[PDB]
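First, one chain by itself in structure tokens, the form solved without the ligand.
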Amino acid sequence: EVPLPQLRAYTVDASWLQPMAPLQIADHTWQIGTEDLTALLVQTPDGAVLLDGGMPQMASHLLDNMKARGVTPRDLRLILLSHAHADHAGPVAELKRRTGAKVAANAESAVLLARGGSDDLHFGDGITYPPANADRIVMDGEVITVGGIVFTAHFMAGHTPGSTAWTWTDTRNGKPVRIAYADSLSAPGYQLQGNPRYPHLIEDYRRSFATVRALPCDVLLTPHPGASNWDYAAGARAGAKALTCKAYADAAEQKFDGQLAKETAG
């Protein structure tokens, strides 16, 4: 007799789980996640902002890197997200319990986060994580300000309905640097055409390619560094090979077109 299968945890490449010390991107902005998952710490005179947390098991590591940067749990004011999947919003619930952080997200990301990634449009309950509540809902183009640093939401629906690019201007060498943190434009295993759970998926991705193309973008960062050709293990050269937002959008669209063609052929 054959029992129902055991639950299976989603495993990821070791590099996604490999702790790294803080890597400075600009005067206020640091990568504090792992070798292969972005978690951006933005430090202001009025507390700190975290953009993404990576996987659920990264909470303690994030807190240790924050401490190394001089940010105590009380000092973390705000959490923003690229998208509410387990490998980017994984530790958000735990971070909220263990810090002063509140979450701002769009309605789509808030709904997905509140169900801990369950009933995903494409993944079903395959990739779940601890649910968290949003403290503020943002609209497309809306800004949120912490310690005078202004972050602008740019909705880029597709990878998830609530996928968002976040933009802000930091400084380096006395010069402004317009940083764009663009969400994933992957569609891993997705049914793209005629998907009853996402009927306008293709139109949304197309619009999102155009949105990403047009971001204020002196420097592009992505939830997976490899997407934008960052190499967080490469020290002084970490960002040397980084794509422009234009090239990232184009490469993602080319890949998407290929996937659409293969799906039609499939």
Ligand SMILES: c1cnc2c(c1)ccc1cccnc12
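Note that residue numbering begins at 1 and tracks the sequence as displayed.
Participant: Taking the recorded C-alpha temperature factors, which stretch has the higher mean, 86-94 or 147-155?
Facilitator: Averaging CA B-factors over each stretch, the winner is 147-155.
Participant: Taking the recorded C-alpha temperature factors, which stretch has the higher mean, 171-179 or 108-116?
Facilitator: Taking the mean B-factor of the alpha carbons in each, 171-179 is higher.
Participant: Looking at 165, 127, 103, 121, which one carries the largest C-alpha B-factor according to the PDB entry?
Facilitator: Of the options given, 127 has the highest CA B-factor in the PDB entry.
Participant: Which of these, 131, 188, 161, 141, has its C-alpha atom at the highest B-factor, as the entry lists it?
Facilitator: Comparing C-alpha B-factors across 131, 188, 161, 141, the maximum falls on 188.
Participant: Taking the C-alpha B-factors as the PDB entry records them, is residue 199 in the lowest, middle or highest third of its chain?
Facilitator: Its C-alpha B-factor, which the entry lists for residue 199, ranks in the middle third among residues of this chain.
Participant: Where does the C-alpha B-factor of residue 29 rank in its chain, lowest, middle or highest third?
Facilitator: CA B-factor rank for residue 29: middle third.
Participant: How does residue 207 rank on Cα B-factor within its chain, lowest, middle or highest third?
Facilitator: Middle third by C-alpha B-factor.
Participant: Can you tell me which third, lowest, middle or highest, the CA B-factor of residue 224 falls into for its chain?
Facilitator: Lowest third.
Participant: Should residue 57 be placed in the lowest, middle or highest third of its chain by the C-alpha B factor in the entry?
Facilitator: Answer is middle: the recorded C-alpha B-factor places it there.
Omitted from view is the form deposited with the ligand bound, to which the following refers.
Participant: Just superimpose the C-alphas near the binding site, carry the ligand over as positioned in the entry with it bound, and say whether the shown chain is open or blocked by the 2.4 Å backbone or C-beta rule (3+ atoms for blocked).
Facilitator: Open pocket: the modelled ligand, placed by site superposition, has no clash at the 2.4 Å cut-off.
Participant: How about residue 170: is it within 4.5 Å of the ligand in the entry with it bound, going by heavy atoms?
Facilitator: Looking in the entry with it bound, residue contacts with the ligand include residue 170, since a heavy atom lies within 4.5 Å.
Participant: Verify the contact flag for residue 45: yes if a non-hydrogen atom of it lies within 4.5 Å of a non-hydrogen atom of the ligand in the entry with it bound, no if not.
Facilitator: Yes - in the entry with it bound, heavy atoms of residue 45 and the ligand come within 4.5 Å of each other.
Participant: Does residue 131 reach the ligand in the entry with it bound, with heavy atoms at most 4.5 Å apart?
Facilitator: Residue 131 lies outside the contact set for the ligand.
Participant: Against the ligand in the entry with it bound, would residue 196 count as a contact residue? Criterion: heavy atoms within 4.5 Å.
Facilitator: Heavy-atom contact with the ligand at 4.5 Å: absent for residue 196.
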